[PDB]
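Worth knowing before you read on, the calculation uses all heavy atoms, side chains too, and leaves out hydrogens, waters and symmetry mates. Note on naming: letters A, B, ... go to the chains in the order of the sequence lines (proteins, then strands), and numbering restarts at 1 for each one. Both counts, for ligands and for their atoms, begin at 1 and track the order of listing.
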Number of protein chains: 4
Amino acid sequence: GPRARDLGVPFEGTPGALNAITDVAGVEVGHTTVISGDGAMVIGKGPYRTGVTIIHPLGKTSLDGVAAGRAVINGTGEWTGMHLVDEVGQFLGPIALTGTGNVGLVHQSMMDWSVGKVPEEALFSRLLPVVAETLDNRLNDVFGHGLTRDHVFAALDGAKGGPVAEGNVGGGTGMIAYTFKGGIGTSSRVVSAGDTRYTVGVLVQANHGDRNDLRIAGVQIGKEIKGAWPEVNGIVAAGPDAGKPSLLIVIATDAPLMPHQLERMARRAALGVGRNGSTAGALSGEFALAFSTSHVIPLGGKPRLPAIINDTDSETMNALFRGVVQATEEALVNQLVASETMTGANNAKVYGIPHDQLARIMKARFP
Amino acid sequence: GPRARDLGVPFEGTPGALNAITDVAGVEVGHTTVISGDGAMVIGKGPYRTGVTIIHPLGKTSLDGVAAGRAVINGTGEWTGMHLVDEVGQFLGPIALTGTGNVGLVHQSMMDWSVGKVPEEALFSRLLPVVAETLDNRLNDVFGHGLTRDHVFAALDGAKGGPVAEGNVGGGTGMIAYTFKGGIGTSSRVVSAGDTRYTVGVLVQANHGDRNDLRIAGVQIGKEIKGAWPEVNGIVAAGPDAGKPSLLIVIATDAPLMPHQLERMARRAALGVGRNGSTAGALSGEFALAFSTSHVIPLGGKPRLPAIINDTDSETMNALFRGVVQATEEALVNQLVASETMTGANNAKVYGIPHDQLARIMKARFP
Amino acid sequence: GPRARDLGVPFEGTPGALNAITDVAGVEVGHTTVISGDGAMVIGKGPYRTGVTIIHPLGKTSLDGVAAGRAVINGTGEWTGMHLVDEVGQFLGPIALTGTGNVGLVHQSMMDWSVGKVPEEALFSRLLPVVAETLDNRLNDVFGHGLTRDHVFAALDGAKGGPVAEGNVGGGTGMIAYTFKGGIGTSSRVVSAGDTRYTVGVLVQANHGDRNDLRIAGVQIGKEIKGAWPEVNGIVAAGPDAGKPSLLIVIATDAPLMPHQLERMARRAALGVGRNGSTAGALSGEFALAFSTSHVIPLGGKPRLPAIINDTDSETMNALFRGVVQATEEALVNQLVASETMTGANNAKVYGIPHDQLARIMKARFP
Amino acid sequence: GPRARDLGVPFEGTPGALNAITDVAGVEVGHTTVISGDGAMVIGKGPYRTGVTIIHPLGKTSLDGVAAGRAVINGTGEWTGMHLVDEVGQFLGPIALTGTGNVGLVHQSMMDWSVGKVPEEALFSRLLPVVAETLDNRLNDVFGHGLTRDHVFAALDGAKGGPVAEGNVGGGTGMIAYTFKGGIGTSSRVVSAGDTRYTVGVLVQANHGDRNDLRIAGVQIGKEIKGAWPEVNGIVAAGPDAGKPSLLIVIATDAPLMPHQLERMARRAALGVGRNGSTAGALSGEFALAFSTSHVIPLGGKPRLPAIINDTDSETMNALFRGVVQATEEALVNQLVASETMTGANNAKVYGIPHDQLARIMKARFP
Ligand SMILES: NCCc1ccc(S(=O)(=O)F)cc1
Ligand SMILES: NCCc1ccc(S(=O)(=O)F)cc1
Ligand SMILES: NCCc1ccc(S(=O)(=O)F)cc1
Ligand SMILES: NCCc1ccc(S(=O)(=O)F)cc1
Ligand SMILES: NCCc1ccc(S(=O)(=O)F)cc1
Ligand SMILES: NCCc1ccc(S(=O)(=O)F)cc1
Ligand SMILES: NCCc1ccc(S(=O)(=O)F)cc1
Ligand SMILES: NCCc1ccc(S(=O)(=O)F)cc1
């Protein structure tokens, strides 16, 4: 399937080989996608359109920590392990991205998974699992216990490097972004800092924004697209014909950055979001987490910092910052393009942004 | 049973009638205490010494929010719903305080409880439950699933006003503080802010500190007490004769404070902690959350702020601040006194601070 | 001359009557602009291209505080009075925006001005002046004491409502933005929340960004413009032909917001900046301060909060948030268009963004 | 003259050789003390009781940065350069501690001093001087321009290693703490972190707290001391018999800590303050700044991090934290003992805590 670039959307900078967070060596991603039932929602019975996405910063077999820092755009949402990140500049274990209703289940399941994987002497380090959410309430039975521990184990165990599936998968399965179908998106940038190159990888779970604000490559596009407004049981549910017939951003880099420097990286995410036109809804939980895969902390050991960067080194830091902004901008658009039309709970129907129209618009704007 | 004052420990200020967080009208507290098994710990088979403590800011039937603000002393621990508090200055639902291994279970159980209590239209407001932890790893099978959804429901439903049980109860059941038995403690102050008297109530779940640092009423008491060091299988496990035969602070007030003013309140907890001598362990998750029961936010309506206070009004603010410092100091000592000797997982034995010795020391120091 | 809209740049939303921060009633703005000398720079002798911009939140005769909250995009710069804003949610006195070299002089001058204007009994409230900077180092003798106490008095005393001068004036006089001439810009939005209208006004002092990242109305315009690169003594200083022949954002609103709510407003500034393409340089001090003119604190008195807004009231908050994003986006373009080509210290020459070319590009893009 | 230990006050831990911040190698301290005039205050004509204290983290000839992090206890005061510290984890140049009315003068004077001392290529790094304040309003003509640029230069140039003068000197000259004479205090700890011993040094400028709250070595001493309350014109101005005849903490360490780790150190200061009984007044600007003298950043070069420490290494981190708490606690008492009775502006008279009574009390409590 085409990604944003394939439909003629231009972006600045140089993407990595996979144009994904896994361009950062050693990062693994797994999805479990839960899609079952149709028709009217009954709490505890579905329909279910949900799941979980796992990111292993250093792979599923690592017991070590990664240096980390976060940023909050708008904090109406949950992301666990973040007080830890704020205090000691690192976290242990995987990142889980999921639906709001799944947070506690995922949190405990990650603990159960550790008991079966980790040496008992190291169990203390698995007590603060990192779990984050956006709300799949239009398409999913949020409270209905559709996600199981087995689902979580499968994502943890199945995670891998290489190409990352985008769209209606894992934590993104039941999401809605810019009044089009939401979900998972990813992008990367290879950046030049003097004689050195670094990779900045971004993955998003997008459930934010309004169609009328959306910009793609600077084009305010919602009004250029015809139709494709959401429907409920046959009736247009938004837009001019209404009535008629949160955002999680994960940044990986192999740059050997210190925790406070990774906070700076995280704070660049908002600028990439800003490029695409949204204004951070009052109830939209929008968060960024950044980590380094080269600045690593062996469990109970000496931190490994292979090289060290000056915060005032504009050449290096700006290269890295611009990388975050650009990869974030593109990951957001890649999400929209990868997500297909879906019908879910209560016959709610949300359209993937139409490929034919997007390509036509891009061709006209960028001949 | 005697509380700290009853053993001759002096404190400054005037406590409320109950000398507890429930001196703040409408606050309800519940505990479920889980104690089963003895001897060698096998993960999933106990022994269990754990539980959960519930605090309903406005009572169990409230759908409304309370103005709130938080502070971090040392952030190596979990407390959910805090991004929400940082962002919008309020939280919905109960505060749960529990052991580290129970966070996910408690988080989902609270959602489940809401489904059976609140109108479907208010379910959105129940998606970010507030759950905090300290670690009962010495006395409890942390990973062993000792806490059940029923335990959580019982605490949610059984919560009430009036006297608050202290010691080895609810979330505090298997905790250890200042190398003595840890647990739950509570105290309050009624403070004169001009011609208006507010109540400041504090509850702690204590699992922090070293005996060598402990100060009670300014007395460095660890070396004055003889014996009572922890044991394993009858062998002293800490202190000089070793070998021979986190902190959660919840502040309630009826002062009509704005969210940023409640952050100031929460930041006062550290001074109260400082009075008692600990230095915040590198891995001690020490947190404070402050809320108002008068500044309330009707769900989906207009915030109710019955009066308004100027931050530069020293008379009012300092009365409130001093209240927090004093009530926190006393709550910590009250905890120690209420907690009794316990033997738990792996035959670990932790002594309650000896009442006879404490009373003897206080009598000598304060005739 | 022309402002951005006059050159055919489209923006979203409805500007206030003045399309300026002074659309918020009672706000006063004053500039002192210092331009003297030409040729090679000698420290302490000029050339000078600097100044100061004063914003009185409630007018120059007010002794009262305004509710306030801030946000940091990248904190490599100075802005005094901000610890106060963080702590007590308000500040007293005017905001001064100036060149880095002028900070201390302006800070003390504001105290001096207070001694002469304020009742003796109220002098305590004047001890924490609000002063912020960006660096005019290419065009100005930064260290050379070009700004005087008299210059500051003149801006304090000459401040007024009505139209605000933009471009090479006040604190913006010697600034550079997006490799074109920087300086002062302003814009406003009147926003609708049901039957209620509010105004959000923004003023920027812009000294940030690179030409190659600049977006105006979503158009990446740096490569579309021919020439107009900076020069030093007749030699192109940047861009392809090189070698051959920080950001301060002030947000005012009449919305009756609490301090933590104004922090949310301030955090929206970054999204507006993001729209225009910059990525926050490592050494670019980018800050936002937001205040309410309706939520005011009589000195030594009871805060006046005429109405109260729920943070979860999306209709109201989103209206205000969108206002910040749009007004920030426009104030940045308004700055560029207002700023004229300038030659300063060491014969550095920076071009105002070319009006003829910009208009042509906008016409071609937006027929 | 005796310090606190010499009067019989016990403290925990091992001080460095000097028991002062200069036990951390390379740190230099300088004071300029300004004392002139008696009787009634007229703004601009004294009497003056003020000054400035300079701390050079790496000595007066250093152009390099030190890694640093800060904490706020209560933010109603000024400390410049802190946005920089928050963002990039270091600051350049000296720390100045002074009276509130002197901030702007000191800020500009430090720039002027740099112009004379620093190479031209390094001037950019001198643009964000670090200046902090407490308010000497009872004893000093705050607005009266008593401090001159020459005073600042003398303290910058006269700074040295070795014993540090305490009491009514430099920035502390006109201060008041716990209703006794305030001033400068300092202490250090050498702390055992495994097989390595680090030094933690602390200097305070104390202008905070109330006599009734003061604890010295856990003894609530205000009521044990007879007389010595402040007077105006021979009449008691505070306390029971009235009418009858802010805090700055600077932490230095040679531990090679990263910036986020120094924030942790700074957050420990509050516990040390807590030990001595104060509750952080609403208008008391109470701040801490911590820097490392081993983790240094050559100007425009590669950061030098000689060794690296794990945040979860309890043995090392707790040793450092305990050092901060104990050194802060002792610095505060050392201040009181060093500070002598002073009469200043408006015939305000503030007593040094009486040495004879203190020694007698300590002897009775600690036989
Ligand atoms: N991040 C998920 C969306 C969400 C879910 C709940 C809220 S609350 O303020 O009503 F608790 C806010 C935002
Ligand atoms: N045999 C003991 C296994 C075990 C069980 C629990 C832990 S904890 O510190 O993470 F709670 C550590 C080790
Ligand atoms: N608050 C519970 C104790 C705790 C549990 C785990 C950690 S971690 O750094 O190893 F993730 C830290 C502190
Ligand atoms: N209308 C059916 C009940 C219901 C209502 C709201 C939700 S929520 O996902 O937005 F919290 C879930 C289920
Ligand atoms: N905000 C003005 C620009 C500026 C000026 C100086 C610095 S410093 O890191 O060298 F202290 C950083 C940024
Ligand atoms: N009546 C004396 C005038 C005066 C002089 C100084 C102050 S201060 O607290 O701001 F330093 C206050 C009042
Ligand atoms: N840190 C100095 C004391 C101080 C504290 C507060 C202020 S004010 O801005 O709230 F009036 C002024 C001076
Ligand atoms: N290289 C010439 C001297 C000089 C260099 C830099 C500056 S500054 O404004 O960036 F601090 C000022 C003067």
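Side-chain polar atoms of C/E87 and D/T76 form no donor-acceptor pair below 3.5 angstrom. Side-chain N/O atoms of D/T50 and D/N102 include a donor and acceptor closer than 3.5 Å. Remark: the B/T80 side chain and the A/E78 side chain contain no N/O donor-acceptor pair separated by less than 3.5 Å. Judged purely by distance below 3.5 Å, without hydrogens or angles, the side chains of B/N310 and C/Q90 pair a donor atom with an acceptor atom.
Other residues, nucleotides and ligands place no more than 12 heavy atoms under 6.0 Å from the CZ atom of D/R138.
Within the 3.5 Å criterion, the main-chain N or O of C/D112 finds no donor-acceptor partner in the side chain of C/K117.
For atom 9 (O) of ligand 7, the nearest non-hydrogen atom of the protein is C/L84 CD2, 3.5 Å. For atom 2 (C) of ligand 6, the closest heavy atom belonging to the protein is C/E120 OE2, 3.0 Å.
Counting the atoms of ligand 4 from 1 in the order shown, those under 4.0 Å from a heavy atom of B/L127 are 11 (F). Close approach of ligand 7 to D/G77 (heavy-atom distance below 4.0 Å) involves ligand atoms 1 (N). Shown in contact with A/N137 at under 4.0 Å from a heavy atom are these atoms of ligand 4, numbered in order with element: 8 (S), 9 (O), 10 (O). Near D/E133, meaning under 4.0 Å from any of its heavy atoms, are these atoms of ligand 7: 1 (N), 2 (C). Every atom of ligand 7 with a heavy atom of C/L92 under 4.0 Å away is listed here by number and element: 9 (O).
Selection from C/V115, C/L123, D/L135, D/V142 by nearest heavy atom to atom 7 (C) of ligand 6 gives C/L123. Nearest-residue assignment for atom 6 (C) of ligand 7 (options C/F91, C/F124, D/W79, D/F287; heavy-atom criterion): C/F124.
With D/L203 as the partner, the side chain to side chain contact (heavy atoms under 4.5 Å, CB included) test is satisfied by one option alone out of D/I55, D/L248, D/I95, D/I249: D/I55.
In this structure, B/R126 has no heavy atom closer than 4.0 Å to ligand 4. The shortest separation from a heavy atom of C/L128 to ligand 7 is under 4.0 Å, placing the residue in contact.
Taking only nitrogen or oxygen atoms, main chain and side chain alike, B/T312 does not reach within less than 3.5 Å of ligand 7. Considering backbone and side-chain atoms together, D/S246 places an N or O closer than 3.5 Å to an N or O of ligand 7.
When every heavy atom of C/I54 is checked against every heavy atom of C/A96, the shortest pair comes out as CD1-CB, 3.6 Å.
Ring orientation note: the planes of D/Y178 and D/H208 are nearly perpendicular, at an angle over 60° on the 30°/60° scale.
By the criterion of a heavy-atom distance under 4.0 Å, the side chain of A/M41, and not its backbone, is placed next to ligand 4.
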